[PDB]
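Residue numbers start from 1 in every chain, and the chains themselves are labelled A, B, ... in the order their sequence lines are given, proteins ahead of strands.
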Number of protein chains: 2
Amino acid sequence: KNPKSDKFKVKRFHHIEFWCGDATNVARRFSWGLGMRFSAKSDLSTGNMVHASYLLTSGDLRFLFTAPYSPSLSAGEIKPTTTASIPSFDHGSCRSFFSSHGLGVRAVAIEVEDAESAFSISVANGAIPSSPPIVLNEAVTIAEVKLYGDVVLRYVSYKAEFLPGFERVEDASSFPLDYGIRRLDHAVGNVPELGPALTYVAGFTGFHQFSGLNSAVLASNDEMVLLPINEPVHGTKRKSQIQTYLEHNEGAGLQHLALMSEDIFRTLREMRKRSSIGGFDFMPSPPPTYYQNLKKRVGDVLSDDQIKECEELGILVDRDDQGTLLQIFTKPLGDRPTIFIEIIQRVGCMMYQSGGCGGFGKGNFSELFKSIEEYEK
Amino acid sequence: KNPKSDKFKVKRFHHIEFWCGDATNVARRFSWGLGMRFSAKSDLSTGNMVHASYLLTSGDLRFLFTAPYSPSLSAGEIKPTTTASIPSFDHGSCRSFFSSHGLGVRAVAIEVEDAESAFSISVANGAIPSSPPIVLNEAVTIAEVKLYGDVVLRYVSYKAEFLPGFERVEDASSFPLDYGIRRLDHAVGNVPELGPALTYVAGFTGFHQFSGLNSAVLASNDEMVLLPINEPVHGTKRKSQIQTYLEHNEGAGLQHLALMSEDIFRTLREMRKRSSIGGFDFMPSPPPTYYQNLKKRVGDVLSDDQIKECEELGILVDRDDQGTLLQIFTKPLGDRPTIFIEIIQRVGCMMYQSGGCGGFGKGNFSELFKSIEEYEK
Ligand SMILES: CCCC(=N)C1=C(O)C[C@@H](C[C@@H](C)SCC)CC1=O
Ligand SMILES: CCCC(=N)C1=C(O)C[C@@H](C[C@@H](C)SCC)CC1=O
Ligand SMILES: [Co+2]
Ligand SMILES: [Co+2]
């Protein structure tokens, strides 16, 4: 049941912005670990005296890494005369965010038809404003509202390059890495209380509802923008990983980003080759019993060769009534046990592919526990 | 003339500590870009609730990357009950350092015979104390005094692993990268006023004296610990790069680290292969006229094949009366035009090799200007 109740026209995920202490080092690490190219910059060399911002791309996936310069470089500026390319940026906010949360996602950005209208309608419907609409070079409009914690939902709309003031990166500095990642599939928040969080966000967007935790997913009209939200469940034997997140993150924030691959086997081969030479580490693989049990569940979708390929790469498999999901999770991206990445590929629900085909892997809670007990043997 | 006036027994450079916002991402980037292995850690997985610290090694070179966790994780602790492995660490100091300077060197650490005695004698001779001697596990003593800006000189002494509380890194996470770097040759500070800086440091150590700037080098008795210091020269047509450093760094700090390679050609081949895939970029190469003029200066030390190999890698060559120096400089390591790295190899002054063989490249100021004018042609 999709009531198509979006209060404004949403298109697709546009970009994710990380707030960093040093954007250069984080962007270089992510580029090598994920196979994303350097594609745009806004920094001192482009006349930005306020913040350093570096854009990585893989397919339609856009990761932005931003860090503040010394406020002394821009002490003479006022907002009307700013050299910042992202007018919502604030030195104090950025330093406070990073000191409080460490490395993490500041903005989940979605492309909309009219960012000024989306902002107005959102705020009229309960959204807490964060940055009012600003028109950039008469070409792009950006606005921001609070999503959860210190994470903002950023609206971007184009009348017709990434943003005005960003320069394309010289091909010499731009090496064409590509491990197969193509777009953001969903972005997941952790909050202390799921009920109020859902009511707030669904309140101002009109998005509809699509062990250790309770969870729910908000979706846009075509269900291509997907925003799951988790809350902890207290009292269990093993401490809730959602609660661990909230403690180490100092409150609510973005938990994980799910990146769709057009060939998850190639992506995971390439990422695992680089885990120990600057890239990303992966969660421990499920036991061999999990992969023996895959024949009964998905033996009609994957060959036995494709199933053993899942086993050597540590990939998880789940299935609902509509499609099948291949997924795997990285270890945390930074010092704190907070944000991590999921790599996914979906098979089925062809019409293009419909959003959320195969679900989000909820069936792997019981399947992993069963395989861990069965492999104890 | 070496008067051998060290006021305490100094051995060698021991390690360099960077203060970071996220130690994981910086350490992974540096490991891949420089070919250093992950060798020790102190973090949540080792029981450290205060800071995340990761040690990289190449030969005798030790780079330490440290970042603070949320102070809430350790709110119940006091110094007597701390889980920090580096007792001098302070959340407030680290956050203030990184907000003020961005990514940079906090500590230049030297091994001494007795850190408690070196601290006492230093402070008795004008050193500004930073952290008093602390004995770790009855095995290692650490103490710190101010060097310049917010950089400290750290004394380390061993009675007989890196530091107590650090754990060796599991070989799976430890990939044996090595591009040929073997030790720290010298570490260079930028200050507003050279005279007072020299008087202060030479005052408390007893170290002896060994365009756009004035400079001088302080050295230990065997001249294996080398600490050059720069000051700007104002008024020139081209603005002093020392002054640019001080503005973007918000004052004095460490300008560059010079890393000795046992095979600079191999090091530069390996580093240049990775410049655009997560590693480090290099300053623009000198014109071909510079390399034509190399035959007259060093044609008796390097073959013409070895000289063309310098040319394809962009290596600089200088020579004093005692030896010859091969060197090259990276672009800045992070967002700000502040800290960078020099790769060097020295030929000559065999006895072992004496410290500072070939100087520091001062002759390349005139040689580059001459080659740039000659190549204008
Ligand atoms: C926020 C909820 C939506 C969502 N994205 C989500 C996840 O990705 C994690 C899945 C759990 C197991 C795969 S974890 C064991 C390796 C289930 C799930 O529901
Ligand atoms: C602090 C001074 C000691 C020192 N380390 C030092 C440097 O490394 C830079 C050298 C200058 C040219 C190579 S720069 C043009 C590429 C000269 C020099 O004196
Ligand atoms: Co997910
Ligand atoms: Co040097």
Side-chain angles (χ1 to χ4, degrees), chain A residues 19-33 35 37-38 43-45 51-54 65-73 91 94-95 98-104 171-177 247-250 274-281 331-337, chain B residues 19-33 35 37-38 43-45 51-54 65-73 91 94-95 98-104 171-177 247-250 274-281 331-337:
Chain A
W19 268 1
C20 309
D22 186 84
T24 290
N25 277 270
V26 181
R28 289 207 172 209
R29 195 282 185 104
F30 273 61
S31 175
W32 176 236
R37 332 201 165 157
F38 269 86
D43 65 8
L44 292 170
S45 79
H51 59 91
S53 286
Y54 301 109
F65 304 86
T66 298
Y69 294 124
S70 171
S72 60
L73 300 191
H91 291 277
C94 187
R95 291 203 155 88
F98 190 86
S99 100
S100 166
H101 308 300
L103 173 70
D171 263 356
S173 308
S174 187
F175 195 100
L177 293 172
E247 300 171 342
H248 288 262
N249 198 63
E250 294 186 11
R274 300 165 166 84
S275 292
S276 289
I277 56 176
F280 294 96
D281 305 333
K331 295 205 183 160
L333 311 185
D335 294 334
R336 305 187 186 194
Chain B
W19 268 1
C20 309
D22 186 84
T24 290
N25 277 270
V26 181
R28 289 207 172 209
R29 195 282 185 104
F30 273 61
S31 175
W32 176 236
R37 332 201 165 157
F38 269 86
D43 65 8
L44 292 170
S45 79
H51 59 91
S53 286
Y54 301 109
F65 304 86
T66 298
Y69 294 124
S70 171
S72 60
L73 300 191
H91 291 277
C94 187
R95 291 203 155 88
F98 190 86
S99 100
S100 166
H101 308 300
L103 173 70
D171 263 356
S173 308
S174 187
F175 195 100
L177 293 172
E247 300 171 342
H248 288 262
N249 198 63
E250 294 186 11
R274 300 165 166 84
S275 292
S276 289
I277 56 176
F280 294 96
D281 305 333
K331 295 205 183 160
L333 311 185
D335 294 334
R336 305 187 186 194

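The ring-ring contact (aromatic ring centres under 6.0 Å, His included) search around B:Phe98 returns none, not counting sequence neighbours. Residues meeting the ring-ring contact (aromatic ring centres under 6.0 Å, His included) test with B:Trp32, sequence neighbours left out: A:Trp32.
The nearest pair of heavy atoms linking A:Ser276 to B:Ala172 is OG-O, 3.0 Å. The shortest heavy-atom contact between B:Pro71 and A:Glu250 is CD-OE2, 4.0 Å.
The main-chain N or O of A:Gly278 is never found under 3.5 Å from a side-chain atom of B:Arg29 such that the two would form a donor-acceptor pair. Side-chain N or O atoms of A:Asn25 include none that pairs as donor or acceptor with a backbone N or O of B:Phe30 at under 3.5 Å.
Proximity to chain A involves both the backbone and the side chain of B:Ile277, based on heavy atoms less than 4.5 angstrom apart. Residue contact with chain A, scored on non-hydrogen atoms closer than 4.5 Å, involves the backbone and the side chain of B:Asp281 alike. For a residue to count as touching a neighbouring chain, one of its non-hydrogen atoms must lie under 4.5 Å from one of that chain's; by this rule B:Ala27 does not touch chain A.
At least one side-chain heavy atom of A:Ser70 sits less than 4.5 Å from a side-chain heavy atom of B:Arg336. Side chains of A:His91 and B:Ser99 form no contact here, defined as non-hydrogen atoms less than 4.5 Å apart. A:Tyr54 places a side-chain heavy atom less than 4.5 Å from the side chain of B:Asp335.
Taking B:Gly102, B:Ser31, B:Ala23 one by one and counting their heavy-atom pairs under 4.5 Å with chain A, the maximum is reached by B:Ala23. Most heavy-atom pairs under 4.5 Å with chain A: of the set B:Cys20, B:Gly334, B:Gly21, this distinction falls to B:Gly334.
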